[PDB]
Every structure is written in C-alpha cells, then in structure tokens.
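Only one chain is given next, in structure tokens, and it is the form deposited in one PDB entry.
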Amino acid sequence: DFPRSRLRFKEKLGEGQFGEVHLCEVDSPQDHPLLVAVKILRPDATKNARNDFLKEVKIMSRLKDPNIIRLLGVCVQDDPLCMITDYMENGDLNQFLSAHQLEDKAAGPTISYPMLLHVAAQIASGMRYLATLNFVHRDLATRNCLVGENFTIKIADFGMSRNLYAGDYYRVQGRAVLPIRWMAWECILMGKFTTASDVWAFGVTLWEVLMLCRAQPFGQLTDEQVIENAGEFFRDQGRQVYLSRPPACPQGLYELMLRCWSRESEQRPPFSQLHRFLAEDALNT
C-alpha cells in the first residue's frame, strides 16, 4: 500500500459526486518533486462508487507501457480510498490540439505535421500494447488521450466522469450510453467489441488529430444518421459513408484511415502496422 503520508497536496484538479481529484507532489520519488494525480473517494461515497473504484484499480494495475496511463500506487487498506497516477500537465489531446494551429509555412501556439504523426504513432504504440494483452479499450478518442511533457501521449479512460464531452455519447435502447461516432459498425448493431473495432476508433482518432480536433466526426449528420450508416455497412450495397479527408491529410494517409474502416474485422490493419506507417511513412501525396 502506497504511504499516503508521502502525498503533498498542491491543487484540486476536479470534483465529482463520489470523489475529488488532486494534484500532489512526492518528495524524493526514487523512494524537483514528482507530480502525481490522486483520486480520493469521499468518506460518504456509495458502496457502488467504492465497487467501481476497486475494479478500476484492478484493471489499471496490469497496464505498464510508456503510452498508457500508469497506476503508481493505491491507498486501500484504510479510508479514504486513494489511487495515484502520472500527472499529464497538458490535459487531454482534444483540449491540447484545439488550442493549437497547424504549422504551415505557406500561410496562439503552433504544431507541425510531423508532430501530429508522432502523437498518433504514440497512440498506435499504446494500443498495440493493449491489443497484445487482449484488452479492448472500447472508447478510444482524443478526449481519452492525455498529453504530458515532451509531447508524450498516454491513452487513458475517463468514461463519462467529465460532463465536457456529453455530445460525443448517445443513449441507446437500454440506458447504455455509447460513443457511436467512434464505434465500428458491428459494435453499434451487435455489441461486438474487439481489438479490430479499437482500430476503427483509432481511424476516427487519427481523423481528429489531422483535423486538430476542430470538428466532431460526421458533425453534419445526426446521431440517428450515424446509426443508420452502420446498417449500411452491414447491407454492403455501396451506400455506406466515410469521414471526409481532413484538409491537411495527404491521400496516402487518408487511404490508411479508410482501411481502419474496412467492413471486415480481419481486413483492418493491426496496430503494429499503423504504428510503423505513422512513424516511417509520411512521404505520401
């Protein structure tokens, strides 16, 4: 159990109905101070919130990769319940890219095209790790991607904890609230979530990166039309629709995005392939 006496409060990062998130300093992290994010459960939090908290701890404890959020420690042998992760200073990737303009010499901070590819390749690397562990993320989007120092990307999962992105989730039949615009066609129709559908979502995430998070995927189409589109991928009568090529995206890179959106799960490129393309092949028109 992490010694909670080693956590020095600095600033509250956010609040919730069942807990609080704090930015903490740890002096001499080798066991100047290391900054960490600590989720503390309120002493009056529900037994259901406590259940989610402990299961969240279990899940995270297995994920140890440079492009995945790390669980540093937990304080659970006593109350209040704490979970300690890395602190990603630049917030989520949607908030990060939305604050930048593209570096375009032919034409507020700037971000270059090679840097957008490095960001996407780090997301690919993280996902390759999850896929090799048979772990299906189920909600890959830029909002669930965290930005640290040196343009380091760490894939996370906030769920619906932040009310910031309610427009990105749709309540289907059964009170299940899903991110349909990022979901593969088999997910929306059959609830079939696999590594292959994580690829589809990566494809939509690469679109967001290339758009500098300026627009919602299929923004001109209603939620009902995004669902009806998945039925068109099922019928395979050539009437299904794809996200349009971002202005700064070359045709070669757009062709990779379309592959992630193949009708057949087995035709979608593995994360090892996306990673190599994004890190090596940027020499395309």
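Quick note: we count residues from 1 along the sequence shown, nothing fancier.
Another form exists, deposited in another entry; not displayed. Remarks below refer to it.
Structural comment: of the residues 129, 57, 239, 159, the hinge joining the rigid parts that turn between the shown form and the other one is found at 57. The gap between the Cα atoms of residue 18 and residue 89 is larger in the other form, by no less than 3 Å, than in this form. Relative to this form, the distance between the C-alpha atoms of residue 143 and residue 8 is reduced by at least 3 angstroms in the other form.
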